[PDB]
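S.K.: Below is a structure I'd like to ask you about.
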Amino acid sequence: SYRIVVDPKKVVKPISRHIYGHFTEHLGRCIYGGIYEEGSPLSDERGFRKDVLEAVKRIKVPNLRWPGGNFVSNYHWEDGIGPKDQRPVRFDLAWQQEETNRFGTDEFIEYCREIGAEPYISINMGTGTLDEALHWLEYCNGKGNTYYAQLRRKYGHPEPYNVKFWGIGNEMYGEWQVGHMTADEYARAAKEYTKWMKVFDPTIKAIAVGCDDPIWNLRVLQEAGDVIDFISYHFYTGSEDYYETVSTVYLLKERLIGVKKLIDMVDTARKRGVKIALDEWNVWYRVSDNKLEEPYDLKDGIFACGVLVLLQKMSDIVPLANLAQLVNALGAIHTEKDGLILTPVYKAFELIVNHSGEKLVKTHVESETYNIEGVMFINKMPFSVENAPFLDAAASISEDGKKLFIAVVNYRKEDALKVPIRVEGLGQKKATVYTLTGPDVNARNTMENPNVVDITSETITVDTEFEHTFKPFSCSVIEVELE
Amino acid sequence: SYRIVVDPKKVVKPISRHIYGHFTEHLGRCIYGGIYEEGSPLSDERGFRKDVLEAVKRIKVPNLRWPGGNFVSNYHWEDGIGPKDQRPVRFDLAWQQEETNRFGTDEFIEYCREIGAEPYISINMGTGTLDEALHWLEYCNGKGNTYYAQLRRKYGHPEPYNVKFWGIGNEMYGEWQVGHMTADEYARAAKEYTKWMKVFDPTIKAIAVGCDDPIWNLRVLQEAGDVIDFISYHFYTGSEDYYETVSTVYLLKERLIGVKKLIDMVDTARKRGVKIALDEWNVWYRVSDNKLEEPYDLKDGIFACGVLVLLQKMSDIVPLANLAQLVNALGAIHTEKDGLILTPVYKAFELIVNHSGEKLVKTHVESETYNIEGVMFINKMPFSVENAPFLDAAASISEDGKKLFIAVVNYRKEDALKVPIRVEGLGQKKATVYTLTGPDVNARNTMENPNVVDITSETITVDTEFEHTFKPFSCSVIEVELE
Amino acid sequence: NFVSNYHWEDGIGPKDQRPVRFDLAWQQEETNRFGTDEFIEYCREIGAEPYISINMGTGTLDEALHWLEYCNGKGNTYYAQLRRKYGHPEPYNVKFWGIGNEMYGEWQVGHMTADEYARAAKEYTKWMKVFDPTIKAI
């Protein structure tokens, strides 16, 4: 048996806007050819691609991370400010590219404003400096007469940017990272940058680097949990098999619950309420070059929907997440010289960001269960998840709250499910069901039939007790007025 | 608000015999004047207090921990064997008492096999050797002609004692432990002692010492997770206010979930499936001499009930547990030279051990929630626990089994709880409801009113959907037939 | 590996009073009816200079010192007096001593990190050579 019980009067928690966040690295064709193509017919006066822009605005990005990623660990921000024709051309050691630097801090901040998204920038901790990081903070944030607040104005922007999220470094644990650190080194320095940045601007929020290594997380929280706001986490998954993929959602629930408990275990961290930032996540397993153009299909898009529902459930533990990445490289959107595809990862966002609430409301959900051992990620590392649901849900309420949104995923590959839903003190009412699904589980959109996987709509009679059938391998939200 | 639904047909996972274990340390009158009083009219030929013996059998001890506790770290087991008149009188550093060693290893296996419990002995890591622990193991478990087998045999016992559980040192992390160790040096020591003890007897089960320091745990697990079976936790709570005391049940839950998560984050240990051993727990707040005669009132019996209900629900994570302690010192049982007393803590055990099943069966519960911020333990450590329930429960079945049980707890101090209970495909049966409760939260059994708090029975009827009302601050088991 | 678990005193005296132990190294009961006295007898039978390995796994500085004494002392020291008591007035004069055995490998009982071995190898040797300067230490 399956069942879903709701109560639109029992609010459990707020749901943070910023669980729906995004990410744009200078990697491959993510910026250049991506959101920003200069010579193009499809561009505007600034160089932004108008089609991509219209697509991104439909998602309504809450915040947007930049410029990396493994690019920033090697990146001097000043290289990318002022007259475009005197920006030096640099070598990006991360992804072996020439960097023209004609998309920089202003250009990026402009892109944020245009779409309506809080900028979240990451400082360079492998090649950079306290100074350089502070100077970047002054330039973006200073309202006094400091030389850098002077220089932003000099280049056309008198008002400060007030950029509230800062990322104290990127993936500083890895061999692959330029100027990579030990747990102890990084811990000591996560503290130094954070604390000094905050002296200048006590209103910024700091995300320190976390990972799977628990000793690393613990040393971070211990040294810096006095002053950080988030410890970051990275989750990439695969591969090849439907069930293996659409279930690492529950691997991620388990892994996030871990980091949360490490936080609990550290005094100053627990005391302040340090939180978790899922500041990189996606499916990735097919591609291993440095353009990362991962051909996402519907199974990947069901993983995303599952994440987003989960995040709705634990937005209090993890109030900030960023899909890696926004365009092309591991991209929800894929662009060529003359058009774009919106992958099923993207569509997942289209379904859930529109049609969802600000307050999570009590939701019991009965489901049948399974266990899987399988693989994930490019390197194939084995994983194992026991008691993964076939059906999952999270209901929410609007600020109003005369609007209930009921998000429900069906993980089943073959059988549709008839689920008896109950919603206290309601009905009867006409209501609308939005459903993201397609034919195969390997189904893609193409820039030809760019609508094989898309969001459908249909009207339904609901009441304080009703029923519904959920297509196999689909996500669907029921939207219903409560007045 | 409140609800309980049970489905006797969905077996979730088994319930381990050993969550009901106990602990018998040489501390104050716990052992001498406790279970053992030589010249006593109340004692048998070999010196076992007959009243206590029968008190103890009722509780069906699954396993008995001995001899410590902080005592073992100063303890040389050799001193405790042989004809009693030749044993040396020694000074226990742990509790500043003269130990006569008239109670030792043989007496303890007699007391164990006299009451049905598996021996579980803690070796001396603070004042003793590998060799010394190994000869202990040889003495208890050796079939062949090694000297310490021979010696067991000279003293009256041809057959091996086959002692299954060995704990590798005691609270070795603590400043108070004699020969206390750093995380790194103990982690090395755990692997070693374990490793070699399992070369002699590969069938034993070794409990490693863990604590509250996450790094401590992580190092033991990284080093010894190869060969250990359990890492151990120790929980002592209170205090003074009813709610601040009961509900640390829900502090303990969080604490334990934290530690499992540690195990998940270490490969060898995760891969081997190292579990938890709660090898020391109780209420302990109002006394800190060195006989520790805590006068437990009824709130403490309710915490015990909660803890045991919690254990039923998670005995797959924590397979083994030990109340601290059995007699006198932090005792469930209190004894004087004439009679004895059964505290509400013991009573909690009488209630659950008789009338509980061996297979946990699906138990969903809905309940109201509180947030508290209190103090706990001897030193009054501040704490809080968020969303603690006023009502909890756990349903189990006999092995066969024509008997469902429903253990349920009302933490509410003032109100009774009117609870609708559902049970799949059941009568129309009658059923007995066993309930432990007293006049007020401060109720306490006495040697002349030995019943002020006690388990009472009453017959109700159940109907696959039915209602019951649980007294305030009460624990009840509902025993229903099924055939 | 036998040695890093061995207590030399178990293999001396009347054999009937000698204790049976458990060899952790090879998982075998050891009756200790072949021991130090027995080993040196066999050595001078075949004319081989004896070469003794000391237990650094579960043994102490003291324990090793006492072995050398038993073997090489000609004073009226407890352990020399002991060798004499058991039949051998005149010392064995063993020339090659082995300062632990394979103390680097996970399999050795009592094994050490390089720093803790070098530290101890220094310490065992200097003090043995103070009792008897003629020995050669491996």
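Chain identifiers are assigned as A, B, and so on, following the order in which chains appear in the structure tokens; residues are numbered from 1 within each chain, and ligands are numbered from 1 in order of appearance.
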Kindly determine which residues of chain C lie within 12 Å of chain B, considering only C-alpha atoms, and give the answer as a short mmCIF file (atom, residue, chain, number, x, y, z; two decimals) with N, CA and C atoms, in the first residue's frame.

M.R.:
data_model
loop_
_atom_site.label_atom_id
_atom_site.label_comp_id
_atom_site.auth_asym_id
_atom_site.auth_seq_id
_atom_site.Cartn_x
_atom_site.Cartn_y
_atom_site.Cartn_z
N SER C 4 59.11 -12.78 19.36
CA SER C 4 58.48 -11.53 19.80
C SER C 4 57.25 -11.80 20.68
N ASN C 5 57.19 -13.02 21.19
CA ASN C 5 56.10 -13.55 21.98
C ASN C 5 56.71 -14.50 23.03
N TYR C 6 58.04 -14.60 23.06
CA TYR C 6 58.73 -15.61 23.86
C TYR C 6 59.32 -15.10 25.17
N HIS C 7 59.09 -15.86 26.25
CA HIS C 7 59.67 -15.56 27.57
C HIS C 7 60.72 -16.58 28.04
N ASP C 10 60.67 -19.43 30.64
CA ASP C 10 59.75 -20.54 30.54
C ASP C 10 60.48 -21.81 30.11
N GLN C 17 58.43 -29.13 35.09
CA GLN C 17 57.88 -27.94 35.70
C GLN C 17 57.76 -26.78 34.70
N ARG C 18 58.11 -27.04 33.44
CA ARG C 18 58.04 -26.02 32.42
C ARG C 18 56.62 -25.84 31.87
N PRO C 19 56.16 -24.57 31.80
CA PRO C 19 54.80 -24.19 31.40
C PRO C 19 54.54 -24.30 29.91
N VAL C 20 53.39 -24.84 29.54
CA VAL C 20 52.97 -24.87 28.13
C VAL C 20 52.35 -23.52 27.77
N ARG C 21 52.87 -22.87 26.74
CA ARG C 21 52.26 -21.61 26.28
C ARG C 21 51.60 -21.68 24.89
N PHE C 22 50.94 -20.59 24.50
CA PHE C 22 50.35 -20.49 23.17
C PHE C 22 51.23 -19.59 22.31
N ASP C 23 51.80 -20.14 21.25
CA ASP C 23 52.58 -19.31 20.35
C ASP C 23 51.62 -18.55 19.44
N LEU C 24 51.52 -17.23 19.65
CA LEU C 24 50.66 -16.39 18.81
C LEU C 24 51.16 -16.39 17.38
N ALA C 25 52.49 -16.42 17.22
CA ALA C 25 53.11 -16.30 15.91
C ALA C 25 52.72 -17.40 14.96
N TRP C 26 52.80 -18.66 15.41
CA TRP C 26 52.41 -19.79 14.56
C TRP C 26 51.17 -20.58 14.95
N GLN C 27 50.49 -20.14 16.01
CA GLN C 27 49.25 -20.78 16.52
C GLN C 27 49.50 -22.25 16.89
N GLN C 28 50.39 -22.45 17.85
CA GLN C 28 50.86 -23.77 18.25
C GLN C 28 51.16 -23.76 19.75
N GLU C 29 50.74 -24.81 20.45
CA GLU C 29 51.08 -24.98 21.86
C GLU C 29 52.58 -25.21 21.96
N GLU C 30 53.24 -24.52 22.89
CA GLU C 30 54.69 -24.66 23.01
C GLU C 30 55.04 -25.25 24.37
N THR C 31 55.55 -26.48 24.38
CA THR C 31 55.78 -27.16 25.67
C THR C 31 57.04 -26.63 26.39
N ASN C 32 57.87 -25.89 25.65
CA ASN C 32 59.11 -25.30 26.16
C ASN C 32 60.12 -26.30 26.73
N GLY C 57 58.89 -7.79 21.54
CA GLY C 57 57.47 -7.69 21.27
C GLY C 57 56.68 -7.59 22.55
N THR C 58 56.92 -8.52 23.46
CA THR C 58 56.22 -8.53 24.73
C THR C 58 57.19 -8.54 25.94
N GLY C 59 58.47 -8.33 25.66
CA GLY C 59 59.49 -8.41 26.68
C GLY C 59 60.02 -7.06 27.05
N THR C 60 60.65 -6.98 28.21
CA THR C 60 61.22 -5.73 28.67
C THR C 60 62.75 -5.69 28.57
N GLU C 106 53.29 -5.53 10.18
CA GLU C 106 52.00 -5.66 10.86
C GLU C 106 51.81 -7.00 11.59
N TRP C 107 52.47 -8.05 11.12
CA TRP C 107 52.26 -9.40 11.66
C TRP C 107 53.02 -9.70 12.95
N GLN C 108 53.99 -8.86 13.30
CA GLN C 108 54.85 -9.12 14.44
C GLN C 108 54.16 -8.67 15.71
N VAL C 109 54.02 -9.52 16.72
CA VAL C 109 53.42 -9.03 17.97
C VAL C 109 54.31 -8.01 18.62
N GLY C 110 53.74 -6.83 18.86
CA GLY C 110 54.42 -5.71 19.50
C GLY C 110 55.17 -4.80 18.54
N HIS C 111 54.92 -4.93 17.24
CA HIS C 111 55.67 -4.21 16.19
C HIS C 111 55.66 -2.69 16.39
N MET C 112 56.60 -1.99 15.76
CA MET C 112 56.88 -0.59 16.07
C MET C 112 56.99 0.25 14.82
N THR C 113 56.78 1.56 14.96
CA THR C 113 57.14 2.49 13.90
C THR C 113 58.66 2.69 13.92
#

S.K.: Can you tell me which residues surround residue A:46 at a distance of at most 12 Å, considering only C-alpha atoms, apart from same-chain residues fewer than 3 positions away, and format the answer as a list in words?

M.R.: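 Surrounding residues, per the criterion: residues 35, 36, 37, 38, 39, 40, 42, 43, 49, 50, 53, 84, 102, 103, 106, 107, 108, 110, 111 and 114 of chain A.
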
S.K.: At a cut-off of 7 Å, list the chain A residues touching chain B, using only C-alpha atoms, as an MDAnalysis selection string.

M.R.: chainID A and resid 214 258 261 265

S.K.: Write out as a list in words which residues come within 12 Å of residue C:81 when counting only C-alpha atoms, dropping same-chain ones fewer than 6 positions away.

M.R.: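 In the requested form, the answer reads residues 66, 69, 70, 71, 72, 73, 74, 75, 87, 88, 89, 90 and 91 of chain C.
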
S.K.: Return as a PyMOL selection string the full set of residues in stretch 141-332 of chain B whose backbone-based DSSP assignment is helix (DSSP H, G or I).

M.R.: chain B and resi 141+147-154+183-200+214-224+242-245+249-264+267-272+298-313

S.K.: Pick out the residues sitting within 7 Å of residue A:209, and hand them over as a PyMOL selection string; count only C-alpha atoms, and ignore anything fewer than 6 positions along from it in its own chain.

M.R.: chain A and resi 168-172+231-232

S.K.: Create the file for the chosen residues now, containing C-alpha atoms and written as a PDB file, in the first residue's frame.

M.R.:
ATOM      1  CA  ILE A 168      36.222  30.726   1.251  1.00  0.00           C
ATOM      2  CA  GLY A 169      38.028  28.667  -1.434  1.00  0.00           C
ATOM      3  CA  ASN A 170      37.108  25.744  -3.703  1.00  0.00           C
ATOM      4  CA  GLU A 171      37.733  21.999  -3.061  1.00  0.00           C
ATOM      5  CA  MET A 172      41.001  22.726  -1.230  1.00  0.00           C
ATOM      6  CA  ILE A 231      30.390  24.088   5.443  1.00  0.00           C
ATOM      7  CA  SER A 232      30.128  23.115   1.749  1.00  0.00           C
TER       8      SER A 232
END

S.K.: Excluding same-chain residues fewer than 5 positions from residue A:77, what lies within 8 Å of it counting only C-alpha atoms, as a ChimeraX atom specification?

M.R.: /A:104-105,136

S.K.: Save the residues we just selected, C-alpha atoms, as a PDB file, in the first residue's frame?

M.R.:
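Below is the file that was written, part.pdb:
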ATOM      1  CA  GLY A 104      34.642  39.393 -15.234  1.00  0.00           C
ATOM      2  CA  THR A 105      33.260  40.730 -11.981  1.00  0.00           C
ATOM      3  CA  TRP A 136      37.599  41.893  -3.937  1.00  0.00           C
TER       4      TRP A 136
END

S.K.: Taking 4 positions as the minimum chain separation for residues in the same chain, which residues sit within 12 Å of residue C:129 when counting only C-alpha atoms? Answer as a PyMOL selection string.

M.R.: chain C and resi 64-65+68-69+72+95-97+99+122-125+133-137

S.K.: List as a PyMOL selection string the protein and nucleic acid residues near residue C:8, meaning an atom at most 8 Å away when only C-alpha atoms are counted, but skip any in the same chain fewer than 4 places from it.

M.R.: chain C and resi 12+35-36+67

S.K.: Just the strand (DSSP E or B) stuff from stretch 211-458 of chain B, please, per backbone DSSP, written as a short mmCIF file (atom, residue, chain, number, x, y, z; two decimals) with N, CA and C atoms, in the first residue's frame.

M.R.:
data_model
loop_
_atom_site.label_atom_id
_atom_site.label_comp_id
_atom_site.auth_asym_id
_atom_site.auth_seq_id
_atom_site.Cartn_x
_atom_site.Cartn_y
_atom_site.Cartn_z
N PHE B 230 32.38 -3.85 18.19
CA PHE B 230 31.63 -2.72 18.68
C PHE B 230 32.55 -1.56 19.04
N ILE B 231 32.04 -0.34 18.86
CA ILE B 231 32.56 0.82 19.57
C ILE B 231 31.51 1.17 20.63
N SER B 232 31.96 1.62 21.80
CA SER B 232 31.08 1.77 22.94
C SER B 232 30.73 3.23 23.23
N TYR B 233 29.52 3.45 23.73
CA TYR B 233 29.05 4.75 24.18
C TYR B 233 28.61 4.66 25.64
N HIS B 234 28.69 5.78 26.35
CA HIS B 234 28.38 5.85 27.77
C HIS B 234 27.50 7.09 27.95
N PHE B 235 26.28 6.90 28.44
CA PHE B 235 25.35 8.02 28.60
C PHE B 235 24.86 8.09 30.04
N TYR B 236 25.14 9.21 30.70
CA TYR B 236 24.64 9.44 32.06
C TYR B 236 23.86 10.73 32.12
N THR B 237 22.64 10.64 32.60
CA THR B 237 21.78 11.79 32.52
C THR B 237 21.01 12.12 33.77
N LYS B 275 29.06 -2.32 14.86
CA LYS B 275 27.88 -1.73 15.52
C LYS B 275 28.24 -0.98 16.82
N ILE B 276 27.22 -0.58 17.57
CA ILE B 276 27.44 0.20 18.79
C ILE B 276 27.15 -0.65 20.02
N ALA B 277 27.88 -0.40 21.09
CA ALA B 277 27.59 -1.02 22.36
C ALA B 277 27.43 0.05 23.42
N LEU B 278 26.19 0.29 23.84
CA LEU B 278 25.87 1.25 24.89
C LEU B 278 26.24 0.68 26.25
N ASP B 279 27.50 0.29 26.44
CA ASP B 279 27.85 -0.57 27.57
C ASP B 279 27.88 0.12 28.95
N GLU B 280 27.24 1.29 29.03
CA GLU B 280 27.05 2.01 30.29
C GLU B 280 26.00 3.10 30.15
N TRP B 281 24.88 2.95 30.85
CA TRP B 281 23.86 3.99 30.90
C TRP B 281 23.06 3.95 32.18
N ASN B 282 22.64 5.13 32.62
CA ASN B 282 21.71 5.30 33.72
C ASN B 282 21.43 6.78 33.99
N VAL B 283 20.52 7.03 34.93
CA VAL B 283 20.39 8.34 35.53
C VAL B 283 21.44 8.37 36.65
N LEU B 320 23.83 -4.17 21.65
CA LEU B 320 24.27 -4.53 22.98
C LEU B 320 24.19 -3.31 23.86
N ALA B 321 23.70 -3.47 25.08
CA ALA B 321 23.58 -2.35 26.01
C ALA B 321 23.62 -2.84 27.45
N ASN B 322 24.07 -1.97 28.35
CA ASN B 322 24.19 -2.33 29.75
C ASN B 322 23.73 -1.22 30.70
N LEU B 323 22.70 -1.49 31.49
CA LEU B 323 22.31 -0.53 32.48
C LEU B 323 23.44 -0.46 33.48
N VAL B 327 23.29 -3.61 41.11
CA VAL B 327 23.02 -3.58 42.53
C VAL B 327 23.78 -2.43 43.16
N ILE B 333 18.73 -2.26 41.73
CA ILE B 333 18.38 -2.92 42.98
C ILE B 333 19.20 -2.24 44.07
N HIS B 334 18.56 -1.94 45.20
CA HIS B 334 19.26 -1.45 46.40
C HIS B 334 19.11 -2.47 47.53
N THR B 335 20.22 -2.85 48.18
CA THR B 335 20.15 -3.84 49.28
C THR B 335 20.78 -3.39 50.60
N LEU B 340 15.87 -6.03 50.68
CA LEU B 340 16.27 -5.28 49.49
C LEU B 340 15.14 -4.34 48.97
N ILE B 341 15.45 -3.45 48.01
CA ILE B 341 14.43 -2.58 47.38
C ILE B 341 14.53 -2.71 45.86
N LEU B 342 13.40 -2.68 45.17
CA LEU B 342 13.42 -2.64 43.72
C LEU B 342 13.06 -1.25 43.21
N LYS B 359 10.82 -9.78 17.43
CA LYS B 359 10.85 -9.24 16.07
C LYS B 359 10.13 -7.90 16.00
N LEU B 360 10.86 -6.81 15.76
CA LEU B 360 10.23 -5.50 15.67
C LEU B 360 9.33 -5.48 14.46
N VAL B 361 8.14 -4.93 14.64
CA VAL B 361 7.14 -4.93 13.60
C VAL B 361 6.70 -3.49 13.38
N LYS B 362 6.27 -3.18 12.16
CA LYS B 362 6.10 -1.80 11.71
C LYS B 362 5.26 -0.99 12.70
N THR B 363 5.82 0.13 13.16
CA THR B 363 5.17 0.97 14.16
C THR B 363 5.32 2.43 13.79
N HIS B 364 4.35 2.94 13.05
CA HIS B 364 4.29 4.37 12.79
C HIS B 364 3.55 5.05 13.94
N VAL B 365 4.00 6.24 14.32
CA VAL B 365 3.46 6.99 15.46
C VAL B 365 3.37 8.48 15.11
N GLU B 366 2.25 9.12 15.45
CA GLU B 366 2.15 10.58 15.35
C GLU B 366 1.97 11.12 16.73
N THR B 369 4.94 17.49 20.24
CA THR B 369 6.37 17.74 20.37
C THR B 369 6.66 18.95 21.27
N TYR B 370 7.72 18.84 22.06
CA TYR B 370 8.20 19.97 22.85
C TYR B 370 9.69 20.25 22.58
N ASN B 371 10.12 21.45 22.95
CA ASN B 371 11.52 21.83 22.91
C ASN B 371 11.97 22.16 24.32
N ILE B 372 13.00 21.49 24.83
CA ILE B 372 13.53 21.83 26.17
C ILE B 372 15.00 22.22 26.15
N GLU B 373 15.40 23.00 27.15
CA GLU B 373 16.79 23.37 27.32
C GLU B 373 17.07 23.24 28.79
N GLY B 374 17.86 22.23 29.15
CA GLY B 374 18.12 21.94 30.57
C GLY B 374 19.58 21.75 30.97
N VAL B 375 19.77 21.16 32.15
CA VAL B 375 21.07 20.65 32.59
C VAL B 375 21.00 19.13 32.83
N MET B 376 22.16 18.48 32.97
CA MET B 376 22.24 17.01 33.11
C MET B 376 23.53 16.54 33.76
N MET B 381 25.78 19.60 32.83
CA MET B 381 26.10 20.06 31.49
C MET B 381 24.81 20.59 30.92
N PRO B 382 24.83 21.83 30.39
CA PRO B 382 23.66 22.27 29.62
C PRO B 382 23.41 21.40 28.39
N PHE B 383 22.16 21.38 27.93
CA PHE B 383 21.78 20.66 26.71
C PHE B 383 20.46 21.22 26.22
N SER B 384 20.14 20.91 24.97
CA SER B 384 18.77 20.97 24.52
C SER B 384 18.48 19.83 23.53
N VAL B 385 17.20 19.57 23.32
CA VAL B 385 16.74 18.55 22.38
C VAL B 385 15.49 19.14 21.79
N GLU B 386 15.42 19.17 20.45
CA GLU B 386 14.30 19.81 19.75
C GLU B 386 13.35 18.77 19.20
N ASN B 387 12.06 19.09 19.25
CA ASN B 387 10.98 18.20 18.81
C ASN B 387 10.95 16.82 19.49
N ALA B 388 11.03 16.83 20.82
CA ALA B 388 10.91 15.60 21.60
C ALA B 388 9.44 15.30 21.77
N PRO B 389 9.05 14.03 21.60
CA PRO B 389 7.64 13.66 21.68
C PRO B 389 7.13 13.45 23.11
N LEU B 391 4.67 11.39 23.45
CA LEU B 391 4.25 10.02 23.28
C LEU B 391 5.18 9.26 22.34
N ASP B 392 5.61 8.08 22.77
CA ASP B 392 6.32 7.17 21.89
C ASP B 392 5.82 5.76 22.10
N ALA B 393 6.27 4.86 21.22
CA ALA B 393 5.86 3.45 21.26
C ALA B 393 6.72 2.58 20.33
N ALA B 394 6.68 1.27 20.57
CA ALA B 394 7.38 0.28 19.75
C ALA B 394 6.66 -1.06 19.83
N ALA B 395 6.33 -1.64 18.67
CA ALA B 395 5.62 -2.92 18.64
C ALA B 395 6.48 -4.12 18.22
N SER B 396 6.34 -5.22 18.94
CA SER B 396 7.16 -6.39 18.71
C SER B 396 6.31 -7.65 18.75
N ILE B 397 6.84 -8.75 18.24
CA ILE B 397 6.14 -10.04 18.15
C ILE B 397 7.03 -11.13 18.72
N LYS B 403 1.61 -13.81 19.73
CA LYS B 403 1.63 -12.72 20.73
C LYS B 403 2.24 -11.41 20.20
N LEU B 404 1.40 -10.40 20.00
CA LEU B 404 1.87 -9.05 19.72
C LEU B 404 2.06 -8.32 21.04
N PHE B 405 3.05 -7.43 21.10
CA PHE B 405 3.24 -6.54 22.25
C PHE B 405 3.25 -5.11 21.76
N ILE B 406 2.70 -4.19 22.54
CA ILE B 406 2.82 -2.76 22.22
C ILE B 406 3.28 -1.95 23.43
N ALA B 407 4.59 -1.70 23.48
CA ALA B 407 5.17 -0.82 24.49
C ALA B 407 4.91 0.63 24.10
N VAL B 408 4.40 1.41 25.05
CA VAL B 408 4.09 2.83 24.79
C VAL B 408 4.35 3.72 26.01
N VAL B 409 4.80 4.94 25.77
CA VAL B 409 5.25 5.84 26.84
C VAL B 409 4.55 7.21 26.81
N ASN B 410 4.00 7.61 27.95
CA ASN B 410 3.46 8.95 28.11
C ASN B 410 4.40 9.76 28.97
N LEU B 417 -3.18 10.50 28.07
CA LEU B 417 -3.24 10.63 26.63
C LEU B 417 -4.27 9.71 26.01
N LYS B 418 -5.25 10.32 25.35
CA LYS B 418 -6.31 9.57 24.68
C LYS B 418 -5.82 9.24 23.28
N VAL B 419 -5.43 7.99 23.07
CA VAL B 419 -4.79 7.60 21.81
C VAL B 419 -5.56 6.52 21.05
N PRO B 420 -6.04 6.86 19.83
CA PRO B 420 -6.52 5.87 18.86
C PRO B 420 -5.37 4.98 18.33
N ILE B 421 -5.49 3.66 18.51
CA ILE B 421 -4.49 2.70 18.05
C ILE B 421 -5.08 1.79 16.97
N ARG B 422 -4.39 1.65 15.84
CA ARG B 422 -4.81 0.70 14.81
C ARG B 422 -3.90 -0.53 14.74
N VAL B 423 -4.48 -1.71 14.48
CA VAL B 423 -3.67 -2.92 14.30
C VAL B 423 -4.24 -3.84 13.20
N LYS B 429 -10.56 -8.92 20.13
CA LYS B 429 -9.96 -9.76 21.14
C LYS B 429 -10.06 -8.99 22.44
N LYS B 430 -9.81 -9.69 23.54
CA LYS B 430 -9.47 -9.05 24.80
C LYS B 430 -7.93 -9.04 24.85
N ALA B 431 -7.38 -8.46 25.92
CA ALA B 431 -5.94 -8.26 26.07
C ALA B 431 -5.68 -7.67 27.45
N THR B 432 -4.50 -7.96 28.00
CA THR B 432 -4.09 -7.41 29.28
C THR B 432 -3.18 -6.21 29.02
N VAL B 433 -3.26 -5.19 29.85
CA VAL B 433 -2.41 -4.02 29.67
C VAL B 433 -1.61 -3.80 30.95
N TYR B 434 -0.30 -4.02 30.85
CA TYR B 434 0.60 -3.88 31.99
C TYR B 434 1.14 -2.46 32.03
N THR B 435 1.02 -1.81 33.18
CA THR B 435 1.40 -0.40 33.29
C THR B 435 2.21 -0.15 34.55
N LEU B 436 3.37 0.46 34.37
CA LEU B 436 4.21 0.87 35.47
C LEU B 436 4.02 2.37 35.68
N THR B 437 3.60 2.73 36.89
CA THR B 437 3.38 4.13 37.27
C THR B 437 3.22 4.21 38.78
N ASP B 454 4.78 0.31 40.89
CA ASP B 454 4.75 -1.09 40.51
C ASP B 454 3.89 -1.28 39.27
N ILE B 455 4.14 -2.39 38.58
CA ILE B 455 3.38 -2.79 37.41
C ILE B 455 2.04 -3.39 37.83
N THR B 456 0.98 -2.82 37.28
CA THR B 456 -0.38 -3.26 37.52
C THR B 456 -0.99 -3.71 36.19
#
